[PDB]
Amino acid sequence: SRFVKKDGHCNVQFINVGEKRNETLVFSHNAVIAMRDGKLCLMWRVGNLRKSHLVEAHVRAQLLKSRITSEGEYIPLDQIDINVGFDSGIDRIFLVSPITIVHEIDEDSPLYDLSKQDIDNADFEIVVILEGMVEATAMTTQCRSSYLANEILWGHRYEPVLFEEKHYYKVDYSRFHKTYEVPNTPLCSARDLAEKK
Amino acid sequence: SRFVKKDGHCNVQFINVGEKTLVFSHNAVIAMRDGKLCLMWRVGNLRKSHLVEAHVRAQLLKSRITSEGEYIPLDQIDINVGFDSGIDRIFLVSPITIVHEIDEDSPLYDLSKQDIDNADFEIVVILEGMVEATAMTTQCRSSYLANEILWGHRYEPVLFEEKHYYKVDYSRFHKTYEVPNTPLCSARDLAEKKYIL
Amino acid sequence: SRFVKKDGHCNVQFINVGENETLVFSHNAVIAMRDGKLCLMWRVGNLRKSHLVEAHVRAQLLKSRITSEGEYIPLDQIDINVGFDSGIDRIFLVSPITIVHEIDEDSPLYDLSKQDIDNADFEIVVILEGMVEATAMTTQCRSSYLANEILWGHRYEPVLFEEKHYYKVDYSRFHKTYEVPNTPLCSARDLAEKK
Amino acid sequence: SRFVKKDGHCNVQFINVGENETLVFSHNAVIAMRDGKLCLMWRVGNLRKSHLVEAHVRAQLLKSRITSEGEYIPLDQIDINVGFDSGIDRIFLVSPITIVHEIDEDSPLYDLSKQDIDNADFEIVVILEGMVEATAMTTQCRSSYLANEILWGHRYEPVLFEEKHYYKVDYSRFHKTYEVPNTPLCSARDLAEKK
């Protein structure tokens with residue numbers, strides 16, 4: 001029943017992990033946008049197929065997009081930060097079971113004015129990073145991945161992979177990339193939801 | 001008389017260290033500290049070398065339903081141990097009592113003593129750092145179930161001053177003593193009972 | 001089309017890289033306008049074929065000063081903000097990046113004008129730190145820009161171009177810049193009061 | 001002239017060093033006025049021949065205390081702000097640096113006048129951490145200052161002097177200080193309320 005034991009070990013068992021070809025940090029194939037605790041959020045999944053703990057793990061993200069300044073300066077692929085908790089320190093994660101990374105689309109978010117329709121014709125790329133030190137090694141690892149606009153499933157949630165069994169927990173990685181539609185999901189941008197109230 | 005010499009060596013002797021690393025108190029406590037309700041736990045280094053760039057984190061593990069009806073097998077909720085002012089970083093020599101101020105932002109804000117004896121959640125505690133003279137970042141973990149938190153308790157002092165040095169009695173590390181003067185209500189209740197004035 | 005593939009590999013090819021040694025800083029620094037704000041900028045790049053993990057930047061202005069109490073400080077270091085407060089001092093370095101310092105009210109350059117720079121006497125030390133992929137060794141690349149090495153009214157020449165399916169980085173344009181005669185010759189303080 | 005060259009090497013030469021050691025703290029700490037604020041200062045240096053990567057400092061005040069609840073705390077470790085909030089706790093050490101703690105309303109020394117420090121019995125633990133250049137090890141240097149090792153009305157002697165082309169650091173001046181009679185004898189609070 002306890003996820004973590006008094007000595008540090010975790011009562012978790014992983015099934016459907018696949019060949020050792022994986023056994024490393026992994027990102028969900030798709031990204032999603034949906035309501036969470038009353039706010040429109042951009043979310044994606046991260047998992048450690050390996051068997052060791054990832055020390056001082058922390059996540060980052062950036063929206064890549066070319067732009068022109070008022071000065072007329074052209075910038076190839078400006079890198080705009082996507083807030084995933086740095087300010088409060090919740091960008092730092094304890095990864096044992098797959099975690100869902102959440103980005104609140106607030107007034108400061110670069111996606112603040114994007115609706116489902118906008119995302120359809122959008123032309124940007126979101127780069128996601130996971131970094132940390134693999135247990136028993138002196139090397140800090142940097143796992144990367146990316147989500148194009150058309151790779152973001154609006155109105156979807158991730159299928160649970162953590163199941164509570166008898167005095168123990170099991171993680172089913174065959175559900176890692178799985179998502180499901182949530183019709184009730186608002187279709188307007190986060191900004192419209194802010195004014196709507 | 002000083003705890004640290006000008007050369008960096010500590011004037012501390014350890015006794016009753018037991019038989020052969022890092023370690024966490026068996027229990028956690030909740031008592032009044034500086035006029036505020038706090039959740040506390042102990043962390044110590046039974047080793048000889050200093051811990052470099054050591055820091056602590058904590059998380060409340062519990063399943064919940066989002067306001068949108070979404071079920072999360074085991075949501076991870078951060079428990080503030082000083083990250084905002086950098087005091088999550090510690091200088092670990094003799095056992096240290098990590099303090100979580102249970103204020104309006106704590107997920108434990110509205111938890112009374114009765115709510116604890118009946119609640120069902122897990123508090124995961126982490127301590128990371130590098131053992132001196134090594135290129136390895138260590139991660140020590142532990143956890144406290146709701147019934148492992150002693151409401152109205154304090155830890156027994158382990159550090160004592162001698163003629164020209166300090167002694168650390170580890171046989172008292174896990175020891176705690178009761179304080180019947182401790183309120184049985186939650187932090188919120190204690191806040192209202194004061195703001196009325 | 002995309003810059004980073006799902007497997008984490010970067011869809012980029014570097015040409016004219018030369019024969020060389022790890023990280024590199026642009027020869028000159030520039031001062032120009034950007035989104036209604038006069039900024040101090042300099043380029044940083046990674047020639048090495050690997051990735052720079054947990055990479056982040058820092059800058060400092062060095063200059064002797066006498067304290068209001070008469071104390072003399074040889075080369076007092078004044079921090080130059082490049083994003084630490086929000087965490088954008090941490091970069092994902094692949095294609096050469098332009099580090100940006102907004103010359104605001106809290107900046108030590110908030111009073112310098114082009115004329116002031118041409119007559120100024122200070123040094124800006126720029127730092128880039130991070131870990132070379134698969135190495136437990138965090139490297140520190142350093143450089144410096146004297147007041148005269150700061151090109152007032154200049155912008156860097158683009159080095160990233162969109163090809164058919166991939167992206168190419170032309171390092172022969174790394175240190176190159178072009179003039180912006182429209183750049184204000186006054187200081188940031190004036191531009192702020194001119195409202 | 002310049003302290004740091006384009007390639008990252010520093011134009012500095014050290015003399016009167018001895019026997020090329022490691023990190024070091026000034027034997028004494030001082031309290032003096034700096035830019036209108038009463039500050040607690042101490043010196044830190046790198047006698048090693050390599051650069052210290054991602055270096056930063058920390059300080060704590062060790063002192064037993066009684067809580068309003070009557071709980072006895074053998075040695076509480078109250079933190080001394082040396083710049084964490086703005087990130088200026090992160091230093092670039094090539095020549096001896098003076099760490100500054102601004103004694104403000106949030107400082108545990110806010111209500112301490114000279115006379116007070118003469119009777120005090122507390123202890124300040126100072127720390128310096130960083131990675132030795134080219135190694136994979138993070139080092140930690142420690143020291144401390146008792147209330148009687150704090151020099152009120154003092155400032156450190158300069159160790160960095162400008163030569164014609166480079167800069168020399170004279171370590172024989174590391175621990176030395178000189179008097180500043182002008183120094184207020186009242187606590188930082190007194191100076192604050194005296195306005």
# chains A, B, ... in the order shown; residues from 1 in each chain; ligands from 1
$ select_by_dssp --residues "segment 20-176 of chain A" --states "helix (DSSP H, G or I)" --output "CSV table (one decimal) with N, CA, C and O atoms, in the first residue's frame"
chain,number,residue,atom,x,y,z
A,116,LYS,N,-8.6,25.6,-30.3
A,116,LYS,CA,-8.4,24.3,-31.0
A,116,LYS,C,-8.3,24.6,-32.5
A,116,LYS,O,-7.4,24.0,-33.2
A,117,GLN,N,-9.1,25.5,-33.0
A,117,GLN,CA,-9.0,25.9,-34.4
A,117,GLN,C,-7.7,26.5,-34.8
A,117,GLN,O,-7.1,26.1,-35.8
A,118,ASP,N,-7.2,27.4,-34.0
A,118,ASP,CA,-5.9,28.0,-34.2
A,118,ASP,C,-4.8,26.9,-34.3
A,118,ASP,O,-3.9,27.0,-35.2
A,119,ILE,N,-4.8,26.0,-33.3
A,119,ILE,CA,-3.8,24.9,-33.3
A,119,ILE,C,-3.8,24.1,-34.6
A,119,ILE,O,-2.8,23.5,-34.9
A,120,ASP,N,-5.0,24.0,-35.2
A,120,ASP,CA,-5.1,23.2,-36.4
A,120,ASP,C,-4.2,23.8,-37.6
A,120,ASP,O,-3.6,23.1,-38.3
A,121,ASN,N,-4.3,25.1,-37.7
A,121,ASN,CA,-3.5,25.8,-38.8
A,121,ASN,C,-2.1,26.3,-38.3
A,121,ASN,O,-1.4,26.9,-39.0
A,149,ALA,N,2.6,21.2,-33.8
A,149,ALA,CA,1.3,21.6,-33.5
A,149,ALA,C,0.2,20.5,-33.8
A,149,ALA,O,-0.7,20.3,-32.9
A,150,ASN,N,0.4,19.8,-34.9
A,150,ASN,CA,-0.5,18.7,-35.2
A,150,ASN,C,-0.3,17.5,-34.5
A,150,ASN,O,-0.9,16.4,-34.8
A,151,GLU,N,0.6,17.5,-33.5
A,151,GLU,CA,0.9,16.4,-32.6
A,151,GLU,C,0.3,16.6,-31.3
A,151,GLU,O,0.5,15.8,-30.3
A,173,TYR,N,3.2,-0.1,-18.9
A,173,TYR,CA,3.7,0.8,-20.0
A,173,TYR,C,3.0,0.6,-21.4
A,173,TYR,O,3.3,1.3,-22.3
A,174,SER,N,2.1,-0.4,-21.5
A,174,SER,CA,1.4,-0.6,-22.8
A,174,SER,C,0.4,0.5,-22.9
A,174,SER,O,-0.2,0.7,-24.0
A,175,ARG,N,0.1,1.3,-21.9
A,175,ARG,CA,-0.8,2.4,-21.9
A,175,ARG,C,-0.1,3.7,-21.9
A,175,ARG,O,-0.8,4.8,-21.9
$ residues_around --residues "residue 4 of chain A" --least-positions-apart "6" --cutoff "7 Å" --atoms "only C-alpha atoms" --output "ChimeraX atom specification"
/A:10-11 /B:142-143
$ interface_residues --of "chain B" --to "chain C" --cutoff "12 Å" --atoms "only C-alpha atoms" --output "list in words"
residues 134, 135, 136 and 137 of chain B
$ write_last_selection --atoms "N, CA, C and O atoms" --output "PDB file, in the first residue's frame"
ATOM      1  N   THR B 134      34.049  12.433  -4.079  1.00  0.00           N
ATOM      2  CA  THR B 134      33.447  11.504  -5.033  1.00  0.00           C
ATOM      3  C   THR B 134      32.759  12.299  -6.137  1.00  0.00           C
ATOM      4  O   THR B 134      32.440  13.471  -5.959  1.00  0.00           O
ATOM      5  N   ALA B 135      32.544  11.666  -7.283  1.00  0.00           N
ATOM      6  CA  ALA B 135      31.871  12.326  -8.396  1.00  0.00           C
ATOM      7  C   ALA B 135      30.529  11.642  -8.571  1.00  0.00           C
ATOM      8  O   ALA B 135      30.125  11.319  -9.684  1.00  0.00           O
ATOM      9  N   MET B 136      29.836  11.422  -7.462  1.00  0.00           N
ATOM     10  CA  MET B 136      28.553  10.737  -7.503  1.00  0.00           C
ATOM     11  C   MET B 136      27.495  11.507  -6.724  1.00  0.00           C
ATOM     12  O   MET B 136      27.711  11.865  -5.571  1.00  0.00           O
ATOM     13  N   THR B 137      26.355  11.775  -7.348  1.00  0.00           N
ATOM     14  CA  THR B 137      25.279  12.473  -6.652  1.00  0.00           C
ATOM     15  C   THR B 137      24.366  11.406  -6.062  1.00  0.00           C
ATOM     16  O   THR B 137      23.778  10.611  -6.783  1.00  0.00           O
TER      17      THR B 137
END
$ closest_residue --among "C:166, C:156, C:110, C:42" --to "chain A" --atoms "only C-alpha atoms"
C:156
$ residues_around --residues "residue 178 of chain A" --least-positions-apart "5" --cutoff "10 Å" --atoms "only C-alpha atoms" --output "PyMOL selection string"
chain A and resi 28-30+156-161+173
$ write_last_selection --atoms "N, CA, C and O atoms" --output "compact mmCIF listing (two decimals), in the first residue's frame"
# COMPACT_ATOMS: atom_id res chain seq x y z
N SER A 28 5.98 10.71 -24.15
CA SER A 28 4.78 10.23 -24.81
C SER A 28 4.82 10.72 -26.25
O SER A 28 5.28 11.84 -26.52
N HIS A 29 4.37 9.89 -27.17
CA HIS A 29 4.36 10.25 -28.58
C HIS A 29 3.54 11.52 -28.82
O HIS A 29 3.95 12.40 -29.59
N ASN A 30 2.40 11.64 -28.16
CA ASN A 30 1.56 12.82 -28.34
C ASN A 30 1.52 13.75 -27.14
O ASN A 30 1.93 13.40 -26.04
N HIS A 156 -7.99 15.84 -25.02
CA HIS A 156 -7.60 14.47 -24.70
C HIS A 156 -6.92 14.42 -23.34
O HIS A 156 -6.44 15.43 -22.83
N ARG A 157 -6.89 13.22 -22.76
CA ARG A 157 -6.24 12.98 -21.47
C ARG A 157 -5.46 11.70 -21.66
O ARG A 157 -5.76 10.92 -22.56
N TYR A 158 -4.46 11.49 -20.81
CA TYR A 158 -3.65 10.29 -20.87
C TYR A 158 -4.31 9.17 -20.08
O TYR A 158 -4.93 9.40 -19.04
N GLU A 159 -4.18 7.95 -20.59
CA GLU A 159 -4.72 6.78 -19.91
C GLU A 159 -3.81 6.44 -18.74
O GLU A 159 -2.59 6.40 -18.87
N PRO A 160 -4.40 6.17 -17.56
CA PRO A 160 -3.62 5.83 -16.37
C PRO A 160 -2.74 4.61 -16.63
O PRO A 160 -3.11 3.73 -17.41
N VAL A 161 -1.56 4.57 -16.02
CA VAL A 161 -0.65 3.44 -16.19
C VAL A 161 -0.30 2.88 -14.82
O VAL A 161 0.29 1.81 -14.70
N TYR A 173 3.18 -0.07 -18.93
CA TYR A 173 3.69 0.75 -20.01
C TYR A 173 3.01 0.59 -21.36
O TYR A 173 3.31 1.34 -22.29
$ residues_around --residues "segment 5-20 of chain C" --least-positions-apart "3" --cutoff "8 Å" --atoms "only C-alpha atoms" --output "ChimeraX atom specification"
/A:29,143-147 /C:2,47-48,94,166-172
$ write_last_selection --atoms "N, CA, C and O atoms" --output "PDB file, in the first residue's frame"
ATOM      1  N   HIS A  29       4.365   9.887 -27.169  1.00  0.00           N
ATOM      2  CA  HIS A  29       4.361  10.250 -28.577  1.00  0.00           C
ATOM      3  C   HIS A  29       3.541  11.519 -28.823  1.00  0.00           C
ATOM      4  O   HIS A  29       3.950  12.395 -29.587  1.00  0.00           O
ATOM      5  N   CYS A 143      17.475  13.893 -22.045  1.00  0.00           N
ATOM      6  CA  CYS A 143      16.547  13.284 -22.995  1.00  0.00           C
ATOM      7  C   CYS A 143      15.723  14.390 -23.647  1.00  0.00           C
ATOM      8  O   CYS A 143      15.243  15.298 -22.961  1.00  0.00           O
ATOM      9  N   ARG A 144      15.559  14.330 -24.968  1.00  0.00           N
ATOM     10  CA  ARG A 144      14.790  15.359 -25.679  1.00  0.00           C
ATOM     11  C   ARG A 144      13.727  14.733 -26.574  1.00  0.00           C
ATOM     12  O   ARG A 144      13.772  13.550 -26.881  1.00  0.00           O
ATOM     13  N   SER A 145      12.771  15.548 -26.983  1.00  0.00           N
ATOM     14  CA  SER A 145      11.733  15.119 -27.874  1.00  0.00           C
ATOM     15  C   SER A 145      11.056  16.392 -28.330  1.00  0.00           C
ATOM     16  O   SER A 145      11.439  17.476 -27.904  1.00  0.00           O
ATOM     17  N   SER A 146      10.058  16.278 -29.198  1.00  0.00           N
ATOM     18  CA  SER A 146       9.385  17.476 -29.658  1.00  0.00           C
ATOM     19  C   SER A 146       7.962  17.178 -30.105  1.00  0.00           C
ATOM     20  O   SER A 146       7.643  16.056 -30.487  1.00  0.00           O
ATOM     21  N   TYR A 147       7.115  18.198 -30.052  1.00  0.00           N
ATOM     22  CA  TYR A 147       5.731  18.072 -30.454  1.00  0.00           C
ATOM     23  C   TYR A 147       5.349  19.170 -31.432  1.00  0.00           C
ATOM     24  O   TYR A 147       5.367  20.364 -31.093  1.00  0.00           O
TER      25      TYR A 147
ATOM     26  N   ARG C   2      10.730  19.722 -39.131  1.00  0.00           N
ATOM     27  CA  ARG C   2      10.896  19.928 -37.701  1.00  0.00           C
ATOM     28  C   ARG C   2      12.371  20.031 -37.321  1.00  0.00           C
ATOM     29  O   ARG C   2      13.224  19.450 -37.986  1.00  0.00           O
ATOM     30  N   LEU C  47      30.324  24.085 -31.344  1.00  0.00           N
ATOM     31  CA  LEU C  47      30.887  23.474 -32.538  1.00  0.00           C
ATOM     32  C   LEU C  47      30.891  21.967 -32.357  1.00  0.00           C
ATOM     33  O   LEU C  47      30.578  21.217 -33.282  1.00  0.00           O
ATOM     34  N   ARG C  48      31.252  21.536 -31.154  1.00  0.00           N
ATOM     35  CA  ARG C  48      31.311  20.121 -30.823  1.00  0.00           C
ATOM     36  C   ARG C  48      30.070  19.408 -31.339  1.00  0.00           C
ATOM     37  O   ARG C  48      28.996  20.005 -31.447  1.00  0.00           O
ATOM     38  N   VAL C  94      21.957  24.455 -29.702  1.00  0.00           N
ATOM     39  CA  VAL C  94      22.159  23.601 -30.862  1.00  0.00           C
ATOM     40  C   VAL C  94      22.680  24.540 -31.943  1.00  0.00           C
ATOM     41  O   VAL C  94      23.864  24.525 -32.280  1.00  0.00           O
ATOM     42  N   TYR C 166      15.787  19.369 -43.923  1.00  0.00           N
ATOM     43  CA  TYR C 166      16.618  19.617 -42.746  1.00  0.00           C
ATOM     44  C   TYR C 166      16.931  21.102 -42.560  1.00  0.00           C
ATOM     45  O   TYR C 166      16.391  21.946 -43.268  1.00  0.00           O
ATOM     46  N   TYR C 167      17.787  21.413 -41.587  1.00  0.00           N
ATOM     47  CA  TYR C 167      18.199  22.793 -41.329  1.00  0.00           C
ATOM     48  C   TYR C 167      19.709  22.852 -41.381  1.00  0.00           C
ATOM     49  O   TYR C 167      20.385  21.923 -40.938  1.00  0.00           O
ATOM     50  N   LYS C 168      20.243  23.941 -41.920  1.00  0.00           N
ATOM     51  CA  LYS C 168      21.682  24.073 -41.984  1.00  0.00           C
ATOM     52  C   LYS C 168      22.148  25.317 -41.243  1.00  0.00           C
ATOM     53  O   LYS C 168      21.504  26.370 -41.282  1.00  0.00           O
ATOM     54  N   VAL C 169      23.268  25.168 -40.547  1.00  0.00           N
ATOM     55  CA  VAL C 169      23.873  26.242 -39.785  1.00  0.00           C
ATOM     56  C   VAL C 169      25.179  26.610 -40.472  1.00  0.00           C
ATOM     57  O   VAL C 169      26.099  25.792 -40.572  1.00  0.00           O
ATOM     58  N   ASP C 170      25.255  27.843 -40.947  1.00  0.00           N
ATOM     59  CA  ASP C 170      26.449  28.319 -41.627  1.00  0.00           C
ATOM     60  C   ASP C 170      27.297  29.144 -40.664  1.00  0.00           C
ATOM     61  O   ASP C 170      27.029  30.325 -40.460  1.00  0.00           O
ATOM     62  N   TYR C 171      28.325  28.528 -40.091  1.00  0.00           N
ATOM     63  CA  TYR C 171      29.188  29.211 -39.139  1.00  0.00           C
ATOM     64  C   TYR C 171      30.103  30.300 -39.695  1.00  0.00           C
ATOM     65  O   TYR C 171      30.780  30.993 -38.931  1.00  0.00           O
ATOM     66  N   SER C 172      30.135  30.464 -41.013  1.00  0.00           N
ATOM     67  CA  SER C 172      30.991  31.496 -41.604  1.00  0.00           C
ATOM     68  C   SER C 172      30.355  32.864 -41.342  1.00  0.00           C
ATOM     69  O   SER C 172      30.989  33.907 -41.509  1.00  0.00           O
TER      70      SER C 172
END
$ atom_distance --atom1 "atom CA of residue 103 of chain D" --atom2 "atom CA of residue 61 of chain C"
24.5 Å
$ interface_residues --of "chain B" --to "chain A" --cutoff "8 Å" --atoms "only C-alpha atoms" --output "list in words"
residues 26, 66, 67, 68, 72, 73, 74, 78, 83, 84, 122, 124, 128, 135, 136, 137, 138, 139, 140, 141, 142, 143, 144 and 145 of chain B
$ atom_distance --atom1 "atom CA of residue 110 of chain A" --atom2 "atom CA of residue 82 of chain A"
7.5 Å
$ select_by_dssp --residues "segment 6-140 of chain C" --states "strand (DSSP E)" --output "VMD selection string"
chain C and resid 12 to 15 23 to 25 29 to 33 38 to 46 52 to 66 72 to 79 97 to 102 123 to 132 138 to 140
$ interface_residues --of "chain C" --to "chain D" --cutoff "10 Å" --atoms "only C-alpha atoms" --output "PyMOL selection string"
chain C and resi 24-28+58-60+62+66-79+81+84-85+122-127+129-130+135-146
$ atom_distance --atom1 "atom CA of residue 180 of chain B" --atom2 "atom CA of residue 148 of chain B"
18.1 Å
$ closest_residue --among "A:122, A:95, A:84, A:127" --to "chain C" --atoms "only C-alpha atoms"
A:127
$ closest_residue --among "A:16, A:48, A:69, A:189" --to "chain C" --atoms "only C-alpha atoms"
A:69
